[PDB]
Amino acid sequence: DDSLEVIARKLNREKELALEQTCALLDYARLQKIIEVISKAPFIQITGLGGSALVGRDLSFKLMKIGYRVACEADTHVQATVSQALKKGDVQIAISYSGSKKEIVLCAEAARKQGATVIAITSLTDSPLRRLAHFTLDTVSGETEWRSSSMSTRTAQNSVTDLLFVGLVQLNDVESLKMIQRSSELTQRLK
């Protein structure tokens, strides 16, 4: 039976398992440290390709709304130019499930060479990106069916980036709320 109802049920369970297995690997003390490192960055570059780039863009819009200076761009050659322009104290959040896309590895190498802090969000595998990162947060898609592998992967990745966002709101709550209110007031003027 391959009805749409069966497909939906199996996909929801697949996503639940990705959330659970990703959450199970978190070191919460290490996560609080990473959040503090991000909060101090004068500039944050979020890198990625394909589905990882969309996860990165999703995080980037939220961070920009609450006042962070963020670079996040799909063009891989532009991404490389930003990575080499990073400074000590800046942060790169490198989102790559495989950790082995040449463009993203190159951006991480360039960021690290400039003295920036590299935080990888990547699968539980021994990848070039994991070897370059100062800190790694793990994303586990679980055992997925081929038609939905990319969707459960994205679900797992968003569980990590979403938690980073909430942690950053927690650290600067008053200003975050002020910026959320100003943003809502502005977009309502476009109704």
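When you see a residue number, it is the position in the sequence shown, counting from 1.
Looking at mean Cα B-factors across 141-149 and 123-131, the upper value is held by 141-149. Per the deposited record, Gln114 carries the highest C-alpha B-factor of all listed residues (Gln79, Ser100, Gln92, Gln114). For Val105, the recorded CA temperature factor ranks within the lowest third of the chain's modelled residues. Per the PDB record, residue ranking by Cα B-factor puts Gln32 in the highest third of the chain. Among the modelled residues of its chain, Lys65 has a C-alpha B-factor that falls in the middle third, as given in the PDB entry. When the CA B factors of the chain's modelled residues are split into thirds, the value for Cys72 lands in the lowest one. When the modelled residues of the chain are ordered by C-alpha B-factor, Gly51 sits in the middle third.
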